[PDB]
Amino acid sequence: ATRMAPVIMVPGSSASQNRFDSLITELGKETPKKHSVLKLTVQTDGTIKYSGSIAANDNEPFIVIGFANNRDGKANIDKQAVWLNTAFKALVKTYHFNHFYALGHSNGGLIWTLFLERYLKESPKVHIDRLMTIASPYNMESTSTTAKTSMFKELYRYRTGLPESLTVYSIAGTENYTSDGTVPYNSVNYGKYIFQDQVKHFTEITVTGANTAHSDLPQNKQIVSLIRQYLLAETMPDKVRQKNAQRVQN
């Protein structure tokens, strides 16, 4: 197992961009370690623009991968999963890491999922250890508990491609309306049909307000606290750990 293990982060559509950027800034400030930040933007023809960089001795760089076409809907998500694989392959051709962690915000969680089910096997020496998704709409904009969107049909159909040794955290709020931008709780909850019994551990966590596009301070602090505790596996103060533990729903 290599010394570098990057945390690769994939955001959602532009409505949820402010929250994403706020999360990264705050995650950098709250983590005692300096994590270097490299940003890739995949263009609509598949070429890549780069911003920032990885320090040569940083064991845990943050790599943001987003897309010029970051719009909603299955047609776009199917392309973003190909673009993610394009960027991922460019990264494994530059840097030697054989383990990584993934953060997917909003549609980013669906993009990551589809990539993991279908495309990660193309870099067979590189393994994912942990995935956290934040308010990812596994059943798109549906408020149904029984109807399956085309999006969810594709994620469920390929769920057996997921890596069996993966640990997955899915953060959801309790908001069950669509007014923009927000995803319904009933759609985020379809995550468990994809993950349970396909991966080593699946953990649902509630953060109130996490389903809304427009963030606020108190919700971002909780989210950064969880990313640190569960995605980064950082040792946390005892009362913080215990309180985050009580946010787990299963």
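In this text, residue numbers run from 1 along the sequence as written.
Comparing the deposited coordinates for 118 to 126 and 131 to 139, the stretch with the larger average C-alpha B-factor is 118 to 126. In this entry, 20 to 28 shows the higher mean Cα temperature factor of the pair 20 to 28 and 226 to 234. In this entry, the residue among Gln198, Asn211, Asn69, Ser215 with the greatest C-alpha B factor is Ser215. When the C-alpha B-factors of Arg157, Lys93, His105, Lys74 are ranked from the entry, the top spot goes to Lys93.
Sorting the modelled residues of the chain by their CA temperature factor places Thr113 in the lowest third.
In the deposited entry, the Cα temperature factor of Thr149 sits in the middle third of values across the chain's modelled residues. For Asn59, the recorded CA B-factor ranks within the highest third of the chain. Only modelled residues enter the ranking.
Among the modelled residues of its chain, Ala5 has a C-alpha B-factor that falls in the middle third according to the deposited record. When all modelled residues of the chain are sorted by CA temperature factor, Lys33 is found within the highest third.
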